Amino acid sequence: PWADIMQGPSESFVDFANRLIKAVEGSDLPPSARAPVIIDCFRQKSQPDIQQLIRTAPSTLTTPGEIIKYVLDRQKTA
Amino acid sequence: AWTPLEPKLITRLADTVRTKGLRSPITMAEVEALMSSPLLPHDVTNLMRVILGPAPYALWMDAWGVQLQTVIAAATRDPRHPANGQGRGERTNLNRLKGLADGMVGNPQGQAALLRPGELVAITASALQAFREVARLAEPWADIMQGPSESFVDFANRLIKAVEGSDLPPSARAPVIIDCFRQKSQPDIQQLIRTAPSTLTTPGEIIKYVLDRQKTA
Amino acid sequence: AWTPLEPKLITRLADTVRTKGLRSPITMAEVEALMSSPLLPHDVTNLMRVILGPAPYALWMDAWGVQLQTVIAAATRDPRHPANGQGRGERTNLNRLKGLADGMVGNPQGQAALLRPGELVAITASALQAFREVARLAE
Amino acid sequence: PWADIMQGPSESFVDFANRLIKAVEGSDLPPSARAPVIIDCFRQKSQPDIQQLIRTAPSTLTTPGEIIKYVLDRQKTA
Amino acid sequence: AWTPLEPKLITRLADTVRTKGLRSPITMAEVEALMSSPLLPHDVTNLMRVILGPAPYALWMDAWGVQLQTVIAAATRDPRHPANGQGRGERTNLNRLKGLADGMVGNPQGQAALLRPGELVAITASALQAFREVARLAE
Amino acid sequence: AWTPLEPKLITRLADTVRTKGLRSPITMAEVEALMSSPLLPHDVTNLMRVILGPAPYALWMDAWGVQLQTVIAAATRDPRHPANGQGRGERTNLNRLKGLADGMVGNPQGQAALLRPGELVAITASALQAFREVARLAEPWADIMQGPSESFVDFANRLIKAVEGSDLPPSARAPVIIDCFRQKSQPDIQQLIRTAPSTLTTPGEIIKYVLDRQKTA
Amino acid sequence: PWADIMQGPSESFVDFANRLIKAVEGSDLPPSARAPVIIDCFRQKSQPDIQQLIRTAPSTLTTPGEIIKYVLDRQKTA
Amino acid sequence: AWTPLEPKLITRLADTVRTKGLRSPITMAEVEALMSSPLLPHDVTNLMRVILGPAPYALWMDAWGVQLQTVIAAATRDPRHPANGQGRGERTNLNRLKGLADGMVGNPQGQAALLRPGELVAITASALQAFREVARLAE
Amino acid sequence: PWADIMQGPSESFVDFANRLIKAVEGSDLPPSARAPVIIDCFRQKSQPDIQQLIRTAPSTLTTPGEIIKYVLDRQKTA
Amino acid sequence: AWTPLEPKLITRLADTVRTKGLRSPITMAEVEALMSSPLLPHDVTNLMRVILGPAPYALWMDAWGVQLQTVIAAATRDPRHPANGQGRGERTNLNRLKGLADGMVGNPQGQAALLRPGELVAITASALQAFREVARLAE
């Protein structure tokens, strides 16, 4: 179930994005509703450090690929 | 023929002034509403007597006199005033503007008879400006900070209120509001505005940008 | 001839916006109610000045300008706009929509004189959409 | 009674002026004696901060409205 | 007539990408090998769906769209594109490049029918450049 | 005939820019001094090459181009520009302003030959404005308070410096300086300004009044 | 000696002014130098409460009588 | 023809004002030295802009205006002012003294063209007296 | 050597730009290869705060002067 | 011819002011008594010097100057002042009222020579009003 996917405390972001995109594209949603759902799940899941990282984006991110690129650039190396 | 204003509207306006105050935008809108048709000096005088307290009424009489004197100076500086006439016999004295001239003292019917429509609109605009002055006088922007727990829209509302209701010229409010958004508005929003890939040149644009990219918490 | 909106209705609408907020369906219904007859730029501008706070009013001015610009782009994309005319001399500039054109600045009577009914309804729809945007943005 | 009106330690000046003008105009004085009485009551009542503010007026104030305007301009914001 | 790529070659390429990674010169050589004949949007899309993981596939869709948009800008900047024609009725829209146009959605046979060879080679070069970008970005 | 600027003056100006910086009033005065006679594009270009570092020189080239483009827009908006002529054959292109036109590239003598005096003064004013922009860019007023032990002239100097060297429009500096004198400038001077029997409508008048009636300590 | 006159900690201001004007007028100064000396002695003597009271005078006091009147008006009743 | 003052002398005078202050007799002597030839309003204005800080410069502008107003009152009190002429068409307005008149704003060459030597010496004496006042006031 | 120039942790950006432009223009590169090299060195050197500041530029910067102006405008005052 | 006031009456008045004060009705009656005949500026000045202390004397000089200035304003507002004359050559300056004019400084005989009776009564009334002001102010 896509709506139950959370980014674990120790999980990296690319694994979380892979799992989420997999569960969203392999589901019962229409094809035209996958990108907005993936974006809004990146924003509300993806534990509050990345949540604030996406929130304070000086540019407007309108695609899952752009969000992934931005987060991978500005992520807290740890 | 003179028709008085409804005491119901006047009572509602008086209670509006009593609860909201003199300076609220709703109060100024209501005054503009009851200032729609050109009023005779009797009407405006009684209106301000009823809606204003004693001390604001004294202040308003002073300010109205000063504004009418400026109007009469402009009138003697231009013989084409809609209150004036072409010959010298139609020059309008302050006794005719304040309703003190002959055949007008205490009588609204005679007032409405002898007065010109240009006279009426000039008196009305003068009274409105005097009301604005007294309202600004009866009740500091550079001391406004965004509190640690305060949201940004409340801070923006408070700051824009204090800047527009102050002694600055009209052409100096937007730059001051912008530069106060940048230097107040605690360092998280300060850095959010600083790192703006676009150049924000308006308080509305800054507010929109900050509301978009703000840290949801 | 221009007739102003009742300050009683405006006061009631302002208190509605004050208690219920900008986004409640009752508030949007009340705005639609007071947005029934085509309003002149003066009317809508003063209405938003009274019912909205300072910061929402700035946001609303921005959004209204953007929506009016989209309308003017559609107007230059179609010479059959109810605001436009057939010849090029009736093309509607943003100074005429925002009430900034000659013979209109600060004067609602002259405004009502020179404006078209299509102009009025376009301005009104633009203002309503801008109000919706700002309400969705404020909260 | 107008001659018993004092500006309270915590009262603002516009409230004091309203109360005083009310009590003076709604009294048994002749109409031609209200303005001088209101002025001289502004000067002797209206606790010593405003008393000194009115005393050190570089201009001569000859009307209750002018005194009110001057005091509202130069009052100690607090 | 459309002929699919061998699932054996695709499986070998997928395991190559799995062990060597996206950026190794051997992997890019293998991709160039399987990118030899001009592929239809269906072929490249399924190929990237199989060889790439979910997140690299999203990145690749983004990059492919951007590169195709640059191609279409160059095409509207030159009416002599091998994908374009001489008249205005042969101008190539992004729905025709991404395989979204009418008569192409989900059908590779119709795709191969309506597409031009210049269209195919442009799509292929765009996909290769997008793969290079995503490979440089992922690691 | 073209005469070069003295390398002694240029060396002194370069050392002035090196020690005082780009924004000091003495530096701007020195630049105005060496910007007295109308200079050819060659002169101003070499001058900025010598006195400015590499990055400020790049910024200055950008700003000079932008200002010259604004000048050329005003020139195509008015055929009576002192750089233009009456016919269309005297219209001035940016290649002629930047010294890139034919017969001018690298040759100051030919430059001085073909250029107009209006062209020279326009180029010079453009270069001065560009220098001002870059100086303001290379290196907060609403955070300035008068310290408990600081004198008033130091506070006024600091405040006027920070307000005039900021992003405010020129017509908004005096009201901001006044309203910052009134709200900053710790409550003794605040009350001293508040209880002013006269109305002070200029920073100089406020400074004079406060210096007269200040508490000697 | 006029230049040795100080206002005592407990002395009133009218006594100090009387003593100072007496010692200045009954001295060897020219007649045209008594008023400036009396003023500048009011400003520098007359212990720091009255010193600050004279310093913060919104009007310019240019006569010993005017200074005396101002100080008597705004003095700290004690 | 207008010749500017040396920036070397101005820099030395500025450092003198910076170390010795505004009121030292050496500073007043140096100012009298640089106040020897009759200066145009442009020269004195820029000189005070450079040597004085912001707040002393504001004070000096005020004092200079007041002294020039006293000069203009004396000028309207005597038609034989070396700045005035015999007829009424040569009466000198404060816009001509402060350099604000037509053909003078920002242009020192035109300034030097239209100004009289009596005008120059009156402006110079006024500026010197204003400097003395501000120096006595600052410390 | 231009390719060894890094912006120090405590160094300002104008000093780094001066040093880099000096070393690039005083080197063996052709004249037509200096601007692209200076730009690409601004992007890859100039420690990751300014790197991300240049990366997230809503406009396309195609000149060292424009990059310098943008960075000087939006730099983190510290 | 000038005749001085008796030092016996002046001593009695000084002791009255010393015991009863400045504001007692008996003191004001005594002052009115010694203010019966029109006095020359010399007489009133010496009288106030003797009966008043130093600080009340300074206050009285101030108040007397202010009242005389009001009198001179009324005099320039009416050419029919008993101190004035019909032509402009008889206009009365404050130097003539305060006894500072030419031929009067320190000499009471010349004072009595050049002064008018209207001048004397105006000076006397001014001095009486100033005494009243100072008496109301001192206590």
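All chains are identified by letter, namely A, B, C, D, E, F, G, H, I and J, in their written order; residue positions are counted from 1 within each chain.
Note that in this section a residue touches a chain if its C-beta (ideal position, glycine included) is under 8 Å from a C-beta of that chain, and two chains touch if they have at least 3 such contacts.
Asker: Identify the chains adjacent to both subunit B and subunit G in the sense defined at the top.
Answerer: Common neighbours, subunit B/subunit G: D, F.
Asker: To test your reading of the model: what rotation angle superimposes subunit A on subunit I by C-alpha positions, in degrees to the nearest 5?
Answerer: That rotation is 115 degrees, given to the nearest 5.
Asker: So how far apart, in whole Å, are subunit E and subunit J when each is placed at the average of its C-alpha atoms?
Answerer: Chain centroid spacing, subunit E to subunit J, equals 113 Å.
Asker: Which integer distance in Å separates the CA centroid of subunit E from that of subunit I?
Answerer: Chain centroid spacing, subunit E to subunit I, equals 36 Å.
Asker: Taking each chain's centre as its mean C-alpha position, how far apart are subunit A and subunit E in Å?
Answerer: Here the centre of subunit E sits 25 Å away from the centre of subunit A.
Asker: Residues of subunit C that contact two or more other chains, please.
Answerer: In subunit C, no residue touches at least two other chains, as defined above.
Asker: Can you name every chain pair that touches?
Answerer: Every touching chain pair, ordered by label, is A-B, A-E, A-I, B-C, B-D, B-F, B-I, D-F, D-G, F-G, F-H, F-I, G-J.
Asker: For the complex, which residues does subunit A have touching subunit I?
Answerer: 58-59, 73-74
Asker: Within the complex, which stretch of subunit J touches subunit G?
Answerer: Where subunit J meets subunit G, its residues are 53-55, 58-59, 61-62, 137.
Asker: Give every residue of subunit F touching subunit D within the complex, in rising order.
Answerer: On the subunit F side, the touching residues are 191, 194-198.
Asker: Looking at the complex, which residues from subunit B come into contact with subunit A?
Answerer: Residue positions touching the partner: 192, 195-197, 212-217.
Asker: Help me check something: in the complex, which residues belonging to subunit I touch subunit F?
Answerer: 14, 17-18, 21-22, 25, 63-66, 68-69, 72-73
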